[PDB]
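One chain follows as structure tokens, the form solved without the partner chain.
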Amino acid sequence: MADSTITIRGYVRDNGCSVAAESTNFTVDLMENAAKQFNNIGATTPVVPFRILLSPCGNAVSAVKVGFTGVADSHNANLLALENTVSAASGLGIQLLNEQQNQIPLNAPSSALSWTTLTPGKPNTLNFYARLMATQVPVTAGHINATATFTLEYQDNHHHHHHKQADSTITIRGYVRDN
């Protein structure tokens, strides 16, 4: 079942959330990715459903902003680069997007993107996508291995200087088939 503390006792900081284990500490199954389909920069795979469940949360929030940051690729640094090893494929950045299928950069600050009005005390789930972007036509087979974190720039009054919220490590798997 799905039940949570809302408008009741035992709530964390109001302005913020905890981030669930289901979001700070998981793996995206990007399925297979095929070399043979990435034959120009427009090439965009069947965008897998992905979310960051925030819970438990407190009782007073107004929204956040995201802050995704990772190793950005040389080609289009808006795409999350791979582990950068011989066995990681070339010219195939990770394509992390929101439900609007809009390219989300990394090393932007929290200003170039946004978030929804958080509900208090619930498994606050927006809907996002992850898949695999062609930045070139290398079609060298290999595996999918990346690392970033999201921060949430919680709309607290920012009295202390900002940092990362967490080290909520986004890991994505997958496989470039040679067909």
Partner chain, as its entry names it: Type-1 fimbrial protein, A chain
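Numbering follows the first chain given and starts at 1.
Below: the form solved in complex with the partner chain, not depicted.
Enquirer: Might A141 be said to contact the partner chain in the deposited complex, defining contact as any heavy atom within 4.5 Å?
Expert: Output for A141 is yes: heavy atoms within 4.5 Å of the partner chain.
Enquirer: With heavy atoms only and a cut-off of 4.5 Å, decide whether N39 touches the partner chain in the deposited complex.
Expert: Answer yes; at least one heavy atom of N39 falls within 4.5 Å of the partner chain in the deposited complex.
Enquirer: Under a 4.5 Å heavy atom criterion, is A89 part of the interface with the partner chain in the deposited complex?
Expert: Answer yes; at least one heavy atom of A89 falls within 4.5 Å of the partner chain in the deposited complex.
Enquirer: Evaluate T149 for contact with the partner chain in the deposited complex, applying a 4.5 angstroms cut-off between non-hydrogen atoms, and reply yes or no.
Expert: Contact check for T149: yes, within 4.5 Å of the partner chain in the deposited complex.
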